[PDB]
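First the proteins, then the strands, lettered A, B, ... as listed; each starts at 1. Hydrogens, waters and symmetry mates play no part in the numbers below; they use all other heavy atoms, side chains included.
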Amino acid sequence: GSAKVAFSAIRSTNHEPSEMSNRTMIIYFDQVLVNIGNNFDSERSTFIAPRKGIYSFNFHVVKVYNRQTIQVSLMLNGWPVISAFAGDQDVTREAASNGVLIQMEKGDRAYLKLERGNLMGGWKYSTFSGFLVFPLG
Amino acid sequence: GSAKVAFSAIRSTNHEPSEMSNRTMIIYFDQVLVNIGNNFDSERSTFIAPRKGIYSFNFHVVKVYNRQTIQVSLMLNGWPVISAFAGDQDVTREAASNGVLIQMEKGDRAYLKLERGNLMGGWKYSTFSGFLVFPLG
Amino acid sequence: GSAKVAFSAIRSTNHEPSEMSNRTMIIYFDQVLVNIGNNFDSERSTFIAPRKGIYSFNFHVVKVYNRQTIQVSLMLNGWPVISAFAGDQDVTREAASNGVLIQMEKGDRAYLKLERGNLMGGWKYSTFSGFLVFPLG
Ligand SMILES: *[C@@H]1O[C@H](CO)[C@@H](O)[C@H](O)[C@H]1NC(C)=O
Ligand SMILES: *[C@@H]1O[C@H](CO)[C@@H](O)[C@H](O)[C@H]1NC(C)=O
Ligand SMILES: *[C@@H]1O[C@H](CO)[C@@H](O)[C@H](O)[C@H]1NC(C)=O
């Protein structure tokens, strides 16, 4: 129906991963700046496509020193589409960043999963946003 | 009025920060590749939203070795929305990168500020662009 | 004609650069996830603008340890518009990332070129996507 669809969420705290997050390995975002269409489930940090079309996605997952290197991936219905990486050192914060355009059908689910390493020490300043570029008949 | 709004600017030189830039901590971009709507003030390196809607922003701030780590932030009317970080070493250039979708009202101002560290040694190859995803009634 | 234009391609293998890639220094993407309008030449990894308008581009070129630092650039008809950099170490994968909005005329060619260093060891997980923001009369 609506051709105006976009979401944007950020991690605004250094707080540690939850017990459920330790299980699902899905990255949570507490603050949702944008959510037109209400298609982003903030409770599960997942975007569900309301219709067929081309969707844009971008993420930047920031971490601190924690004796661990990480690999983040954008999951599409349980399968990784793109991935990003970050090293580990006590000099500065570093980010695993990537973006992509993909075709999603109505009901397709998009979310970020931590494939390697952990986010102990928090992942403040992390970002995850997306929008509908255009629908498809 | 116009639903076609986008800007794109780059730093095309290794030249040092200005005296005024040393005061405002705002990151300047000398070369403006795109500026449809003329809503980007190149003199102040700030984007002023012409109307209510969802806007996309992306930036990549590149630096060189200068004994300093930096923190860059996208400011919305003086308040930081998102941030990015870069270490410091004499091996290669590195970039503080991030992006986000946000809702802006008519008159809202968007720009990049250097919250920590300095850009002594220039910040060539740096980028800052944005566009109107869609307006809101 | 069509105002719906977007492409998205990824590198899905650690395989080494080809003999022809060693000559052109152009970065190849074997898997094309999106190609609405069919304006992206997968054989040459180049996007040809079908009409006048503002186009968005984003790329993330991932590499491994190979005793080499790299510089990647988005070429517009043989000239670099933006650039990105990545160091070199055996700790983790790292990415040269950047994005930009640019005005392209009908026939203008956009592609990624490796200006410095090599991608020996493969460039798996690399991404390159773009879309038409809006056309211009
Ligand atoms: C999650 O796992 C880490 C180990 O990687 C552990 O230190 C932490 O306490 C766990 N968090 C919870 C809430 O159980
Ligand atoms: C800006 O401040 C730096 C110190 O961080 C100084 O070295 C530089 O000369 C200053 N630039 C100007 C134009 O005053
Ligand atoms: C490309 O050049 C590298 C040297 O940088 C060489 O090791 C490699 O074998 C070359 N690839 C081909 C296919 O010739």
**Prompt:** Is there side-chain contact between A:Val91 and B:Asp88, with at least one heavy-atom pair below 4.5 Å?
**Reply:** no
**Asked** Which distance, rounded to the nearest 0.5 Å, do you find between the OG of A:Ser12 and the CD1 of B:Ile82?
**Response**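 It is 14.0 Å, given to the nearest 0.5 Å.
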**Prompt:** Do any of residues 44-65 of chain B come closer than 4.5 Å to chain A, heavy atom to heavy atom, and if so which ones, in number order?
**Reply:** B:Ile54
**Members of residues 107-121 of chain B whose heavy atoms come closer than 4.5 Å to chain A** =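 Within residues 107-121 of chain B, no residue comes under 4.5 Å of chain A, counting heavy atoms only.
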Which heavy atom in [X] sits nearest to a heavy atom in [Y], and how many Å separate them?
X        : Y        : result
B:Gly87  : A:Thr92  : CA-CG2, 3.4 Å
B:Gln71  : A:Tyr125 : NE2-OH, 3.8 Å
B:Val100 : A:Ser8   : CG2-OG, 3.1 Å

**Item:** Sub-6.0 Å ring centroid separation between A:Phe131 and B:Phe134
**Value:** no
**Asked** Are there more than 12 heavy atoms of other residues, nucleotides or ligands under 6.0 Å from atom CD of A:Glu43?
**Response**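 Atom CD in A:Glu43 is not crowded, with 12 or fewer foreign heavy atoms closer than 6.0 Å.
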**Message:** Just so I understand: if I count every heavy-atom pair under 4.5 Å between each of A:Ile10, A:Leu132, A:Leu33, A:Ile36 and chain B, which residue has the most?
**Reply:**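 Option with the top pair count is A:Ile36.
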**Prompt:** Side chain, backbone, both or neither: which part of A:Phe128 has a heavy atom under 4.5 Å from chain B?
**Reply:** neither
**Item:** Contact origin within B:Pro135 toward chain A - heavy atom pairs under 4.5 Å
**Value:** both
**Request:** Check whether B:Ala96 gets within reach of chain A through its side chain, its backbone, both or neither, counting any heavy atom under 4.5 Å.
**Result:**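 It is neither, since no heavy atom gets under 4.5 Å.
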